Structure formats: C-alpha cells, structure tokens
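According to the deposited numbering, the stretch in the sequence shown is residues 2 to 281, in order.
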Amino acid sequence: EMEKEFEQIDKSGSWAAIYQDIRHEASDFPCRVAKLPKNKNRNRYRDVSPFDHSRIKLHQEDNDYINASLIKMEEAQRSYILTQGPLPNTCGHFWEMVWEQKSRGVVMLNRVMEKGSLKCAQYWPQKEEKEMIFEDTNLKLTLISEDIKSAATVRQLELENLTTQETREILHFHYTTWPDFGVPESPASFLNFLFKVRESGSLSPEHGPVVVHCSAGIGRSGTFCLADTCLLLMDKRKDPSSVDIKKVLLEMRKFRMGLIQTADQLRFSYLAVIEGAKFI
Ligand SMILES: [Cl-]
Ligand SMILES: [Cl-]
Ligand SMILES: [Cl-]
Ligand SMILES: [Cl-]
Ligand SMILES: [Cl-]
Ligand SMILES: [Cl-]
Numbered sequence: 002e003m004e005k006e007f008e009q010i011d012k013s014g015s016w017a018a019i020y021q022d023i024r025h026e027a028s029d030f031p032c033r034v035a036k037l038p039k040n041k042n043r044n045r046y047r048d049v050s051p052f053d054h055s056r057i058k059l060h061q062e063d064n065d066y067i068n069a070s071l072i073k074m075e076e077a078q079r080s081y082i083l084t085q086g087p088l089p090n091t092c093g094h095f096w097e098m099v100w101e102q103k104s105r106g107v108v109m110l111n112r113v114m115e116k117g118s119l120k121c122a123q124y125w126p127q128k129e130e131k132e133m134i135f136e137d138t139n140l141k142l143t144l145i146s147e148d149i150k151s152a153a154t155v156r157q158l159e160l161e162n163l164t165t166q167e168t169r170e171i172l173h174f175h176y177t178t179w180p181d182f183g184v185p186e187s188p189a190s191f192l193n194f195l196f197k198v199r200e201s202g203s204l205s206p207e208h209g210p211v212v213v214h215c216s217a218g219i220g221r222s223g224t225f226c227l228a229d230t231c232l233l234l235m236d237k238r239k240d241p242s243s244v245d246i247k248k249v250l251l252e253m254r255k256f257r258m259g260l261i262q263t264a265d266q267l268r269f270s271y272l273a274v275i276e277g278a279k280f281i
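Here it is in structure tokens:
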C-alpha cells in the first residue's frame with residue numbers, strides 16, 4: 002500500500018509539494034532558552050533550536066541548556082534524544098546529558114568533517130590509551146573497543162562519573178557512509194545500520210532514550226527516528242497499512258523543529274520504511 006502511494010508521488014513528482022506541506026503544517030513552539038544570549042556559543046546553527054517544552058535540561062545549577070530535544074513517541078513506545086553534533090565547548094555537556102538521561106546508546110550519522118568543513122567536535126577518544134576528561138562536568142570517557150565495517154563502526158565506551166566513581170558502558174554507533182551529496186540511492190546500508198542499533202538492545206525501554214545526532218540533529222537524525230518509529234508502528238498496528246509517514250513526521254516535529262531537511266530526505270524516508278518493512 003505504502004509502495005503504491007510511493008510510486009504515485011514519484012510518477013507525479015510531488016515530493017517537493019508534499020514536503021512543503023509538512024513545513025507549512027509543522028508545529029511552532031517557542032525556543033526562548035535556546036535564544037538567550039548566554040547560550041549563543043552552545044548552538045551550532047542559529048536556525049536549529051530545541052523547543053522549550055521538549056528540551057533536555059542538564060542537572061547543573063549554572064546553565065542547564067544543551068541543544069537537544071526529547072522525542073517521545075507515545076503509540077510506538079519509543080523515546081529518542083535528538084541533539085546537534087557537539088561543539089568543542091559542549092562535549093562535557095553532551096556526556097553529562099548521556100549520564101543523567103541514562104542513555105545506553107549513542108547514534109552518530111555524520112562524519113567529523115563533511116563538505117570540506119567541521120560538522121562535529123571529536124567528542125569521543127580515538128585511542129584506548131588516550132582517555133578524555135571533561136573537567137567542567139567531572140566525567141571520564143575511555144574507548145574500550147572499536148569494530149569497524151565498510152559502512153559503519155561500533156565502539157564500546159566507558160563513561161565514569163568521577164564524583165561517585167560509577168561507570169557505565171555506552172555503545173557508540175557511527176554511520177560513516179552517508180553520501181557527500183544528496184541521499185543514498187538504496188536504503189540497504191542505512192537499514193542495516195538501523196537494524197544493528199536495534200539488535201544491540203540500546204533502544205530498549207529498560208534504558209534511557211538513545212541519543213541521536215548528525216551535524217544539526219534534524220536531517221539524518223530525523224530520518225533515523227522516523228524510519229524506526231514507522232517500522233515499529235507497522236509491526237504493532239492491526240492494520241499496518243494505516244501508518245502514514247507524513248502524520249508520524251508531523252507528530253515528531255511537535256518535539257523538534259525541522260526534522261527531515263529536504264524533499265529527497267523525505268523520499269528516502271519512505272523508501273527506507275518500505276524496504277525495511279519487507280525485510281522485517
Ligand atoms: Cl568522523
Ligand atoms: Cl569532506
Ligand atoms: Cl566543531
Ligand atoms: Cl546535518
Ligand atoms: Cl499514522
Ligand atoms: Cl523545515
């Protein structure tokens with residue numbers, strides 16, 4: 002059914018028109034805290050901000066702000082934290098959020114350098130013997146293991162609260178092969194990555210929400226969560242044909258602005274859900 006709709010949109014070439022309707026219908030909520038002058042250096046992009054009502058608050062007393070949003074999908078029973086690629090000054094905030102929200106997995110959909118410029122700080126250690134200390138938030142991060150593949154890379158990290166000496170194992174899932182221009186022609190490797198994150202148990206309700214990010218945390222990050230939620234809904238509803246990707250995306254945009262940044266990313270999201278449902 003969804004495939005029949007997909008081909009009809011492709012034949013008429015209505016992806017730009019459908020995507021523009023989504024932008025027009027999307028929720029508009031204030032981002033007052035994100036726009037405070039003291040938080041200018043905590044935002045990577047001036048036009049991408051978390052809504053006040055869904056923003057993740059740090060448990061510190063000075064400044065609790067981080068550019069991160071909690072997406073709670075009620076019917077699908079999944080929660081995600083969508084955030085920007087950390088800045089050199091917000092890497093300690095990032096791991097503070099991971100600790101306080103009790104996240105088990107971190108999903109990275111970008112490379113540190115894309116389009117010939119920096120898109121994300123090197124917020125995790127590349128070498129086991131060179132651990133990272135975040136002095137502002139009192140956390141230690143150690144690379145425990147790294148399993149590299151052609152399209153992705155899974156790392157085991159140890160995050161330590163230096164105040165209590167508690168340690169947690171964080172799984173870091175890095176998708177490294179998103180094309181420099183446009184979207185992938187096939188959703189196969191992106192779906193393989195999603196199924197790998199699922200298989201790890203990082204999305205389980207036993208854990209805090211998975212942290213998902215790209216550079217701005219709305220484009221590829223939106224595609225990841227949209228596909229995962231739609232696949233969940235198709236497996237849970239009695240009538241799996243009733244899953245409307247546009248409705249699900251609009252629901253997600255109640256929690257973070259701008260999810261899915263292009264009409265090509267919208268088409269790719271449909272493609273990933275259709276092909277992901279066939280494999281499931
Ligand atoms: Cl990278
Ligand atoms: Cl590059
Ligand atoms: Cl950076
Ligand atoms: Cl991005
Ligand atoms: Cl729906
Ligand atoms: Cl938008």
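Each residue gets a CB set at the ideal place from its N, CA and C atoms; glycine is no exception.
{"query": "Taking the C-alpha atoms as reference points, what is the distance between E252 and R33?", "result": "21 Å"}
{"query": "What's the call for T91, buried or exposed, on a 16-neighbour Cβ count within 10 Å?", "result": "buried"}
{"query": "Any heavy atom of ligand 3 within a distance shorter than 7 Å of the CB on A217?", "result": "no"}
{"query": "Give the list of continuous beta strand (DSSP E) stretches no shorter than 3 residues that lie fully inside the segment 140-190.", "result": "140-149, 153-162, 167-176"}
{"query": "On the DSSP bridge assignment, give the partners of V249 in chain order.", "result": "In the DSSP output, where bridge partners are listed per residue, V249 has none listed."}
{"query": "I need the straight-line Cα distance from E207 to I171, nearest angstrom please.", "result": "14 Å"}
{"query": "Measuring from the CB of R45, is there a heavy atom of ligand 1 at a distance below 7 Å?", "result": "no"}
{"query": "Does the segment 138-158 come close enough to the segment 62-80 to have 3 or more Cβ pairs within less than 8 Å?", "result": "no"}
{"query": "Is the CB-CB distance between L110 and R45 below 8 Å?", "result": "no"}
{"query": "What does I72 pair with, by DSSP beta-bridge criteria?", "result": "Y81"}
{"query": "Measure the alpha-carbon distance for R238 versus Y271 and round it to whole angstroms.", "result": "18 Å"}
{"query": "Could you check if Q102 is buried or exposed, using at least 16 other CB atoms within 10 Å of its CB as the buried criterion?", "result": "buried"}
{"query": "Going residue by residue through the segment 3-60, where are the continuous alpha helix (DSSP H) segments of at least 4 residues, counting only ones entirely within it?", "result": "3-13, 16-26"}
{"query": "At the level of alpha carbons, what is the spacing between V198 and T178?", "result": "16 Å"}
{"query": "Only counting the same chain, and skipping five residues up and downstream in sequence, which positions put a Cβ closer than 6 Å to that of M235?", "result": "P241, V244, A278"}
{"query": "Evaluate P188 with the Cβ neighbour count: other Cβ atoms within 10 Å of its Cβ, from every protein chain shown; 16 or more gives buried, anything less gives exposed.", "result": "buried"}
{"query": "Measuring alpha carbon to alpha carbon, tell me which of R112, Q266, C121, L195 ends up nearest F95.", "result": "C121"}
{"query": "Verify whether the separation of the beta carbon atoms of residue 291 and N64 is less than 8 Å.", "result": "The structure shown does not extend to residue 291, since the chain is modelled only from 2 through 281, so no value can be given for it."}
{"query": "Can you tell me whether DSSP reads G277 as helix, strand or coil?", "result": "helix"}
{"query": "Hey, would you say the C-beta of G202 is under 7 Å away from at least one heavy atom of ligand 6?", "result": "no"}
{"query": "Near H54, what residues of its chain come up, given a Cβ to Cβ distance below 7 Å and the 5 sequence neighbours on each side ignored?", "result": "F30"}
{"query": "Given a threshold of 16 other Cβ atoms within 10 Å of its Cβ, counted over all protein chains shown, does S118 qualify as buried or as exposed?", "result": "exposed"}
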